[PDB]
Structures are given as structure tokens and as C-alpha cells.
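Chain naming here is simple, since letters A, B, ... match the order of the sequence lines and numbering starts at 1 in each. Computed from heavy atoms alone, side chains included, the values below leave out hydrogens, waters and symmetry copies.
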2 protein chains.
Amino acid sequence: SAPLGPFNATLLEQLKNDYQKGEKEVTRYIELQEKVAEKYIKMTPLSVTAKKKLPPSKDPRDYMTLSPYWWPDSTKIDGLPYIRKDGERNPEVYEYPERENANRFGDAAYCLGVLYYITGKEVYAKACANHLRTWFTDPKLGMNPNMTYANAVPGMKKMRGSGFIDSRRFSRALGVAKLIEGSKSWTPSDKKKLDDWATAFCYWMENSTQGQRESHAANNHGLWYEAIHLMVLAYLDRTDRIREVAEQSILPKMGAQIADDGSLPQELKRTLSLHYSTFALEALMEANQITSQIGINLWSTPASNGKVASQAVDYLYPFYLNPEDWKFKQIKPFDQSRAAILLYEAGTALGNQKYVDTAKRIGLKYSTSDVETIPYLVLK
Amino acid sequence: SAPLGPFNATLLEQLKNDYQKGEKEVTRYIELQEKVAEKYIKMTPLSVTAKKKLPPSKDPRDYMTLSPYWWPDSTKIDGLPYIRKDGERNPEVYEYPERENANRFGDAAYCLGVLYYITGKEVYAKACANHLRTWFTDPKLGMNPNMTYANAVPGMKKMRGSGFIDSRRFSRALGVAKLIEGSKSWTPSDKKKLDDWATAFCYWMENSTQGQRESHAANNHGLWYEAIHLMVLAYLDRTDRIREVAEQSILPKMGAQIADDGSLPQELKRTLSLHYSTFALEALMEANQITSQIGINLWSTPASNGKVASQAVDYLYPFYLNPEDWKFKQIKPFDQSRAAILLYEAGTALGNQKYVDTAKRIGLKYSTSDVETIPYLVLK
């Protein structure tokens, strides 16, 4: 029975079972994955402190990024205050090294922790443990447990960012640390420091003004906030909190954000409206992987007004078959492969075999190294 | 009469004449540009050598970038060889500091040089000089006069790059070096070194396999090659060569790329077909800023086959009024303001008043800091 964490636990338990039964298909797949993982063992651990331009706190351990749709104003002598262009990522985002470094850290730790659970090999736990210590708990390299300066917007006064949805990159790795507990490399003191950081980040999330605001966001940001919250609570074994969050926040949010026709109107107004409709459902999906491990199915449990998240999957399914039919603003081509994992997760959750068929027809490449597809041999 | 260089010499002479005559509308405008200039005066000269990851030569003085549409192949263990995703810029490009640093250098030097020609104040010549020496001729920080490692593709190293079209950024600055000759800051020693560099770089453009290959290109890359060629040649005052290139390479190239309806088939098969149709004419427009200073008008001179640049503007002109009508693949929005400068140059060259009128209705922001608009008070 898999420990509580940020992954489809059914798919992981069965890959581990089949790997240990020596089944030929799974064993070939896992050996492939093991070759993909090699770069993660040799990879030097990343730190949030590897930046030159410091945040207003002057502390390199504070995570800082630029809100990706905000651009210098050509008509102002210093380009301040920045102006918003929805859907156009300002390439200055890549001058803040946390942005892509949290992604690389997140990929390494997730790939290594999963392969530790599946194979048992101590070597993967050791590499995982090394990325975790440096990114989180280390007293010089470790990241401070806050997102004060995520998605800053130059020239904005109070505007205390535009969200900390960036967290999902490293908070998936936080959840995966649960998989290496009991290994020889992850000592009891390692787990205490990490618990203590997670307790401090959860507190920041629930009590800081930026946390409270993001807990009440009206679009996919509120949904991603709770997905991240659940990752942190599940790492801390706060399963009753997980139940309070789903019933008192997640379910209300879907009740309001889904319309009667199953569309997501807060996302339909974006310049990337098919992408953000999917990005909202991607949040529910990852929240569900955690909630359904304690018997709460977020795809079919209704909100108090009777709406269910499956109505929104229903609304998008035709356009996952033919994105060209999408009739709202989408100023960049939509990646259809995002529907495979999505329809497979909603599909199995609902007994909708039409969804699952379509997920496999779309499929994921067998030899892909995208770590988020490691559990999905079934789509390969 | 203005020195020969990469700019609309008619607008430039005009601004300098009116500035010196104390005309109020021009003196106000030039006083705004001087405020915008102030950052370049304080700015630390940039160098191609500021990078960690070295090129195959292990020379930091070798300019090196990644070809923008080539991405890792996630189906291969080392991501190698990269695959092409037309029109999708790979954020890995920003890990090559030259790509953006050539932009910042080019903008700084262009603006200082032009303000020195217009205003005559030595402070702009002195700052321009400091950037040109550092980027070009300094014996430690100066880039080598080649583009061997521009637009490399990892894995496909077996071949070459994908062209050196990035040169336009710093070769405009090379052209504007001409405008500070005669100042106190630009010594005869300075100008001799730059001439020697321009000569070496010119040799490389014409005799290296990568230059020869690029001079043969059948699309917008052939046209940008010559536009860059003319900038170097004009800097070197080789006005006979500018005629030969104009007459034997640019017009026949332009003529081969224009269909009977005026479309540019090589650019219509691109995922950014309106951006690339416009980008081809922008090469011709910058080429023509140089050729028409010696009496060759590329907008109205027909090629051997009877095609003329004016036909390709005609095809595109409706879609500059209404870019939404564009019936070909354009997977990112198109900046309609690019049509402002393009229809004014083409229109003035052709005596087409409807083009100029539309150029001024689209216009440019009076207070913009985009340095390529500095000559275009007529549009603001």
C-alpha cells in the first residue's frame, strides 16, 4: 500500500508489485526509467541561493520570480510600472534562476523518489536525499519557507505579487520525500528538519496575507493553491485537514467556477482560454490523486449546488479531440498530449471508458523522459 | 549630407538640420531621446566573453547561441539530437548571454551614435566609443570577427549552424560607428582597429563555407545576409560593392521569392507566416536604407524576372490593416506596429500616399524608448 503522496498511488503500487514479481513488460519499462534517472544521480543539487540580483529582503534564500505576463512599459523612462499582456511570457522571467531551477530540482527529486519506491535500490534514495537537503533544509543553501517574492511585478506598490502557484514544482518533491523514509540515507534527523520546514511553509500558506488571498482566488489559482496545500498536508500526515480542505474549499471553488454548461468562465476570458481551462482541471486532478487516497473522489463528489467536476471534463472533451474547434481566444497552440494524463485520471475516476480509450489513443511516448509520465506505462 | 550608414539618412539629416536651427518640436523630441539615452551612458559595456559554457573552440571571444526552434528530444536519453519545432522558441536560448547582450549593445551604441550626429555633444560620442571598443576591437573582451558558432544545434553538429542572422544586432552598431568619426573620443587608432575588424568580418562573411552557404539562401535569410553585408560594406565605404550586391544579389533574390500574386511562398509554409512575410521585407527595407543613399531604390526596381518589391507589399497591405484576416498559420500574435515603419519606408520610396497615410494612422508612441524608432518623429 503506497504511502500518502502526490502521485497516482494505484498506478505506482501496481508497477512496484509487477516489478517485484519480475513481470517482463514492467521490468523492461523500469530499466528504461532507470537509464533516464542516471543524469539525476550525477546532477549537482540546485539551491535557491544561486542568484546575483537579490530580492528586497537582501536574503538569497528567499525565492524570487517575475510574474510572467508583466512587461516593461516602453513609454516610461525606466519602464516602470510594468504593463500586463495576458498570455505573452516576458523572457526576463529567465533572469531569475529559481524559475527553471525549481523545475529541475522538482524533476530530479520526483524521478529519484519514485524509482526508490519501485526498485528499493538505496542509490536512488541517496541522490533524492541530496537534492532534498540542499533545496529545503540546509542552513545556508536551503530555501526559506515562504513565497513572499514569487511573481513580483516591478513598479507595483502593495500588489504583493500575482500568486505563488510556482510552489507546485518543489512541493511535489516535498511529497515524494515520503517515499524515501526508512532508507538508510534519509536519517531521522533529516526527516525532522524537513517536517519542521514543511510545518513552517504550511503556516506561511495559511496565515500570511498572500496565502490568505490566494486561498480565496476565483480562478484556477485558488484551485492550484489547494492542490499545493494538500501536497504539504499529506507530507505532514494531516489527513483530516485534507478532508476539511476538500469539503470546505475545493468543492465550493468548483461549485462556483464551473458554469451550468460545464465551462469555466474565469478561464474563458484569458488569451489562452483552452490552456487555462485545462490548467484548472490539472489542479483538480492533482488534488484528487491525494484526496482519493483517503476515499474522497473529487471528480464525482458534488459541491453544495450539485455541480461536479466531471461536467467540466465533459465540456472540454470534444475540443481535446479537435482543438481546432475551440471557439475562444487561444493565442498559442494547445498541446493535446495534456489530455492523455488528464482524461485517464478523470476517466478511471468516473468509470467513463470513452475517456480512457481516448487517453490511450492520444498516448504518451514510451521512451519519453518527462518525469511526470513515469507512472503511466498504461498510456504508453 | 549624412555619412553612409544603416538608417533613413533623409529623416536623420532632417532631424539634425531642425535641431541645429532650434526648431521647437524637434528640440523637444530630441530632448526626450536624450533622457532615454541616459541609461546607455551609465551602462557598463557588454562583452561576448561574459559566459560560462564555452564553444567548441573553447574561445570566450567566439560568439555562440542556440538555434531558437531546436529542442531536446525527450524520447532519447541525452536529448540528442535536438528536433525542430518551427516557430516555438526554446527558452534554452537565454542560457547563451550573447543572444540578448548583442541586443543591449546594439541598442546602446545605435542610440548614442545617432544622438551624437544630431546633437554634436561629445558625451554621446564618448559613451558610444566605449561600447564599440569593448564589443569589437578590445584585445581581450572583443568578439572574434566570425559567426561560426551562431545558432548551433546540439547533436546536428555534423553540419553547421542555421545561419548568422543574429549579426544584424551588432552590425547596425558597426554602421553607426561612422557617425562619431571626427569626435574627440574616436581616435584614428580606434577607427583603424574597427576598420580592420570590419574587414576581417567581411572576409568571413564572403569566404567561409557558412557565409557562402548563407549567401545562397532562398528565403528571408538570404535577404538578411545581404542587408548585413551592405552594413559592413557601407561602414567600409565600399560603395561599388554595394551596387554589385544590390544589383546582382538582392534584386534577383527578391525576385525569385515573390509569387505572381505578390505572396512570399517560402514564408507562407512557416508556422509564423505573417511574421516571416514581414521579416523578409524588413531585410529589404534595411538594405534599401543603404542602397538608396547611392541612388538604387530596391522598392521600385524590378528584378530580371519582372518581380518588384512593391508587389509583395501590395499582397500584405490589407493584412496590415486587419491582421485577423490572415489565412495562413500564425501560431503567435502579430505586432501590427511593425507595419508603421515598413509602410512608411516602402510608401516614401514608391510615392504611394495610401501607404504613408496608413503608416501614420498606425503610428508609433511619441514617448517610446525603442531605439530603432529614434529617426521616425514623422510617425509619432
Side-chain angles (χ1 to χ4, degrees), chain A residues 31-40 42 50 52 68 71-80 83 85-97 99-101 103-104 107 111 271-272 323-324 329-335 337 363-374 380, chain B residues 31-40 42 50 52 66 68 71-80 83 85-97 99-101 103-104 107 271-272 323-324 329-335 337 363-374 380:
Chain A
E31 283 165 11
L32 165 78
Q33 297 311 320
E34 283 179 308
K35 270 139 39 182
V36 166
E38 181 54 26
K39 55 175 192 279
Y40 295 134
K42 320 160 58 135
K52 249 40 181 173
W71 293 77
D73 187 344
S74 190
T75 58
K76 301 256 186 297
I77 202 74
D78 42 7
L80 298 178
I83 51 179
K85 321 211 274 164
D86 185 22
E88 304 175 47
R89 181 180 301 148
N90 172 5
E92 297 186 343
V93 292
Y94 303 108
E95 306 167 27
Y96 304 64
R99 179 191 160 85
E100 296 313 308
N101 279 345
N103 217 75
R104 303 183 170 102
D107 278 0
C111 169
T271 67
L272 298 170
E324 290 299 295
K329 215 156 175 126
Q330 177 73 26
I331 66 173
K332 266 186 44 178
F334 174 77
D335 176 16
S337 55
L364 311 164
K365 296 150 312 312
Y366 173 84
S367 62
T368 197
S369 52
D370 302 354
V371 312
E372 70 276 22
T373 76
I374 289 163
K380 299 174 183 186
Chain B
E31 269 155 14
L32 181 136
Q33 304 304 311
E34 298 178 85
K35 287 168 216 150
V36 171
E38 256 292 303
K39 61 186 171 285
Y40 301 126
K42 294 153 178 143
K52 254 34 150 163
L66 156 74
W71 301 61
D73 190 349
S74 66
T75 78
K76 322 279 250 305
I77 272 71
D78 49 359
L80 292 180
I83 47 145
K85 295 172 70 208
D86 188 31
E88 297 173 50
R89 186 184 299 148
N90 172 358
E92 286 186 5
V93 295
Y94 302 116
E95 316 170 19
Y96 299 76
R99 176 204 167 92
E100 296 308 317
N101 279 345
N103 254 322
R104 312 203 178 90
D107 280 9
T271 61
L272 302 163
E324 74 271 358
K329 199 155 200 63
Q330 176 76 18
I331 66 163
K332 291 175 49 171
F334 173 79
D335 175 13
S337 75
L364 309 168
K365 264 71 179 190
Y366 178 93
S367 62
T368 188
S369 63
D370 303 331
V371 302
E372 76 281 10
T373 79
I374 296 172
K380 291 174 173 177

Problem - salt_bridge(B:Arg104, B:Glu100) N-O dist < 4.0 Å - result: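 No salt bridge links B:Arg104 with B:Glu100.
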Practice task
Please state whether the side chain, the backbone, both or neither of B:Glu95 comes within less than 4.5 Å of a heavy atom of chain A.
Solution key: side chain
Practice task
With a 4.5 angstrom heavy-atom cut-off, could you sort out which part of B:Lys35 is near chain A: side chain, backbone, both or neither?
Solution key: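 Both parts, backbone and side chain.
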Heavy atoms only: give me the nearest [X]-[Y] pair and the separation to one decimal.
X        : Y        : answer
B:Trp71  : B:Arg89  : CZ2-O, 3.3 Å
B:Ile374 : B:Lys380 : N-NZ, 4.1 Å
A:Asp86  : A:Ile331 : O-CD1, 3.8 Å

Exercise for the section: Measure A:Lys365 against the heavy atoms of chain B and call it side chain, backbone, both or neither at under 4.5 Å. Expected result: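 Answer is side chain: those atoms of A:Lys365 sit under 4.5 Å from chain B.
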